[PDB]
Amino acid sequence: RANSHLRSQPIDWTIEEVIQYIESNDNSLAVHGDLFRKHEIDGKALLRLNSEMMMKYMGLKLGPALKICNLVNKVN
């Protein structure tokens with residue numbers, strides 16, 4: 001239903017599925033959902049993202065950026 005990210009490979013995730021992944025794995029990051037929409041971060045983009053980019057272009061603070069980076073590491 002609203003958990004389609006579970007039934008698809010990260011590389012094929014849509015922006016909404018990326019947000020789904022983040023929300024479900026760390027509630028404290030749910031607030032940044034609109035950032036991924038604004039910067040159009042789908043699955044393919046997520047796998048190319050790094051902390052410096054998130055801070056420089058997405059306006060994320062170091063803490064959240066590191067936490068997101070950690071979630072990305074789990075899915076490579």
# chains A, B, ... in the order shown; residues from 1 in each chain; ligands from 1
call {"tool": "residues_around", "arguments": {"residues": "region 34-37 of chain A", "least_positions_apart": "2", "cutoff": "9 Å", "atoms": "only C-alpha atoms", "output": "VMD selection string"}}
result
chain A and resid 15 to 16 18 to 19 30 to 32 39 to 42 58 to 60
call {"tool": "write_last_selection", "arguments": {"atoms": "N, CA and C atoms", "output": "PDB file, in the first residue's frame"}}
result
ATOM      1  N   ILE A  15      10.916   8.968  -5.488  1.00  0.00           N
ATOM      2  CA  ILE A  15      11.175   9.916  -4.411  1.00  0.00           C
ATOM      3  C   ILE A  15      10.342   9.538  -3.188  1.00  0.00           C
ATOM      4  N   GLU A  16       9.065   9.235  -3.408  1.00  0.00           N
ATOM      5  CA  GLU A  16       8.203   8.868  -2.294  1.00  0.00           C
ATOM      6  C   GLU A  16       8.705   7.629  -1.562  1.00  0.00           C
ATOM      7  N   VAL A  18      11.816   6.665  -1.309  1.00  0.00           N
ATOM      8  CA  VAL A  18      13.029   7.027  -0.576  1.00  0.00           C
ATOM      9  C   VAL A  18      12.593   7.581   0.774  1.00  0.00           C
ATOM     10  N   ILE A  19      11.599   8.463   0.740  1.00  0.00           N
ATOM     11  CA  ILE A  19      11.066   9.074   1.949  1.00  0.00           C
ATOM     12  C   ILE A  19      10.487   7.985   2.853  1.00  0.00           C
ATOM     13  N   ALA A  30      11.889  12.151   9.691  1.00  0.00           N
ATOM     14  CA  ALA A  30      10.642  12.351   8.962  1.00  0.00           C
ATOM     15  C   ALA A  30      10.405  13.803   8.558  1.00  0.00           C
ATOM     16  N   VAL A  31      10.860  14.734   9.389  1.00  0.00           N
ATOM     17  CA  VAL A  31      10.681  16.157   9.123  1.00  0.00           C
ATOM     18  C   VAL A  31      11.365  16.628   7.844  1.00  0.00           C
ATOM     19  N   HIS A  32      12.391  15.903   7.410  1.00  0.00           N
ATOM     20  CA  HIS A  32      13.128  16.288   6.209  1.00  0.00           C
ATOM     21  C   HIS A  32      12.552  15.727   4.915  1.00  0.00           C
ATOM     22  N   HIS A  39      14.507  18.562  -3.671  1.00  0.00           N
ATOM     23  CA  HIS A  39      15.748  18.315  -4.388  1.00  0.00           C
ATOM     24  C   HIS A  39      15.689  17.104  -5.312  1.00  0.00           C
ATOM     25  N   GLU A  40      14.485  16.554  -5.447  1.00  0.00           N
ATOM     26  CA  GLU A  40      14.206  15.428  -6.334  1.00  0.00           C
ATOM     27  C   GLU A  40      15.138  14.233  -6.155  1.00  0.00           C
ATOM     28  N   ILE A  41      15.212  13.749  -4.924  1.00  0.00           N
ATOM     29  CA  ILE A  41      16.072  12.623  -4.601  1.00  0.00           C
ATOM     30  C   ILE A  41      15.322  11.297  -4.698  1.00  0.00           C
ATOM     31  N   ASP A  42      15.448  10.620  -5.836  1.00  0.00           N
ATOM     32  CA  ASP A  42      14.816   9.318  -5.973  1.00  0.00           C
ATOM     33  C   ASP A  42      15.876   8.295  -5.571  1.00  0.00           C
ATOM     34  N   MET A  58      21.357  20.720   0.249  1.00  0.00           N
ATOM     35  CA  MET A  58      20.038  20.473   0.822  1.00  0.00           C
ATOM     36  C   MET A  58      19.782  21.210   2.131  1.00  0.00           C
ATOM     37  N   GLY A  59      20.785  21.944   2.602  1.00  0.00           N
ATOM     38  CA  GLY A  59      20.634  22.704   3.831  1.00  0.00           C
ATOM     39  C   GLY A  59      20.518  21.881   5.100  1.00  0.00           C
ATOM     40  N   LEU A  60      20.887  20.606   5.025  1.00  0.00           N
ATOM     41  CA  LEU A  60      20.825  19.724   6.187  1.00  0.00           C
ATOM     42  C   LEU A  60      21.999  19.981   7.124  1.00  0.00           C
TER      43      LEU A  60
END
call {"tool": "closest_residue", "arguments": {"among": "A:63, A:27, A:1, A:72", "to": "residue 49 (chain A)", "atoms": "only C-alpha atoms"}}
result
A:72
call {"tool": "select_by_dssp", "arguments": {"residues": "chain A", "states": "helix (DSSP H, G or I)", "output": "ChimeraX atom specification"}}
result
/A:4-7,10-12,15-25,27-38,43-46,51-58,62-74
call {"tool": "atom_distance", "arguments": {"atom1": "CA of residue 28 (chain A)", "atom2": "CA of residue 12 (chain A)"}}
result
24.5 Å
call {"tool": "atom_distance", "arguments": {"atom1": "CA of residue 6 (chain A)", "atom2": "CA of residue 53 (chain A)"}}
result
26.0 Å
call {"tool": "atom_distance", "arguments": {"atom1": "CA of residue 65 (chain A)", "atom2": "CA of residue 9 (chain A)"}}
result
22.3 Å
call {"tool": "residues_around", "arguments": {"residues": "residue 75 (chain A)", "least_positions_apart": "5", "cutoff": "12 Å", "atoms": "only C-alpha atoms", "output": "list in words"}}
result
residues 5, 6, 8, 9, 10, 11, 13, 18, 21, 22, 25, 43, 44, 46, 47, 48, 68, 69 and 70 of chain A
call {"tool": "write_last_selection", "arguments": {"atoms": "N, CA, C and O atoms", "output": "tab-separated table (two decimals), in the first residue's frame"}}
result
chain	number	residue	atom	x	y	z
A	5	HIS	N	8.32	0.62	-0.95
A	5	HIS	CA	9.78	0.62	-0.99
A	5	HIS	C	10.34	-0.73	-0.55
A	5	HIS	O	11.44	-1.11	-0.93
A	6	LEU	N	9.56	-1.46	0.24
A	6	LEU	CA	9.98	-2.77	0.72
A	6	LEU	C	10.00	-3.81	-0.39
A	6	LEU	O	10.81	-4.73	-0.38
A	8	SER	N	10.75	-3.37	-3.59
A	8	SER	CA	11.51	-2.91	-4.75
A	8	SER	C	12.95	-2.58	-4.38
A	8	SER	O	13.23	-2.20	-3.24
A	9	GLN	N	13.85	-2.73	-5.34
A	9	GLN	CA	15.26	-2.45	-5.12
A	9	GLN	C	15.49	-0.95	-4.94
A	9	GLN	O	14.85	-0.13	-5.60
A	10	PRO	N	16.40	-0.57	-4.04
A	10	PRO	CA	16.70	0.84	-3.78
A	10	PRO	C	16.93	1.65	-5.05
A	10	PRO	O	16.40	2.75	-5.20
A	11	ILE	N	17.70	1.09	-5.97
A	11	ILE	CA	18.02	1.76	-7.22
A	11	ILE	C	16.78	2.12	-8.04
A	11	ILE	O	16.83	3.02	-8.88
A	13	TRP	N	13.78	2.91	-6.49
A	13	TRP	CA	12.87	3.68	-5.65
A	13	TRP	C	12.52	5.04	-6.23
A	13	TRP	O	13.36	5.71	-6.84
A	18	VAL	N	11.82	6.67	-1.31
A	18	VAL	CA	13.03	7.03	-0.58
A	18	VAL	C	12.59	7.58	0.77
A	18	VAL	O	13.14	7.22	1.82
A	21	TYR	N	11.43	4.91	3.08
A	21	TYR	CA	12.56	4.22	3.69
A	21	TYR	C	13.11	5.00	4.88
A	21	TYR	O	13.32	4.45	5.96
A	22	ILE	N	13.34	6.30	4.67
A	22	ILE	CA	13.87	7.16	5.72
A	22	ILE	C	12.92	7.24	6.92
A	22	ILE	O	13.34	7.02	8.05
A	25	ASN	N	12.65	4.03	9.07
A	25	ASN	CA	13.87	3.63	9.76
A	25	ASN	C	14.41	4.63	10.78
A	25	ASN	O	15.30	4.30	11.56
A	43	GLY	N	15.60	7.02	-5.80
A	43	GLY	CA	16.55	5.98	-5.43
A	43	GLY	C	17.91	6.12	-6.07
A	43	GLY	O	18.94	6.04	-5.39
A	44	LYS	N	17.94	6.32	-7.38
A	44	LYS	CA	19.21	6.47	-8.09
A	44	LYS	C	20.03	7.62	-7.52
A	44	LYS	O	21.24	7.51	-7.35
A	46	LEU	N	19.71	8.95	-4.47
A	46	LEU	CA	20.05	8.62	-3.08
A	46	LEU	C	21.38	7.89	-2.98
A	46	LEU	O	22.18	8.15	-2.08
A	47	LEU	N	21.61	6.97	-3.91
A	47	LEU	CA	22.84	6.18	-3.91
A	47	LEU	C	24.08	6.96	-4.33
A	47	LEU	O	25.20	6.45	-4.22
A	48	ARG	N	23.90	8.19	-4.80
A	48	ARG	CA	25.02	9.03	-5.24
A	48	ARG	C	25.28	10.15	-4.24
A	48	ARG	O	26.28	10.86	-4.32
A	68	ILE	N	21.33	10.23	7.80
A	68	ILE	CA	20.80	9.81	6.51
A	68	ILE	C	21.85	8.97	5.79
A	68	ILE	O	21.55	7.92	5.22
A	69	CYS	N	23.10	9.43	5.85
A	69	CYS	CA	24.21	8.73	5.22
A	69	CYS	C	24.29	7.30	5.76
A	69	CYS	O	24.54	6.35	5.00
A	70	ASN	N	24.05	7.15	7.05
A	70	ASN	CA	24.09	5.83	7.67
A	70	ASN	C	23.00	4.93	7.11
A	70	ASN	O	23.22	3.74	6.88
call {"tool": "closest_residue", "arguments": {"among": "A:50, A:20, A:14, A:4", "to": "residue 62 (chain A)", "atoms": "only C-alpha atoms"}}
result
A:50
call {"tool": "closest_residue", "arguments": {"among": "A:76, A:7, A:45, A:26", "to": "residue 64 (chain A)", "atoms": "only C-alpha atoms"}}
result
A:26
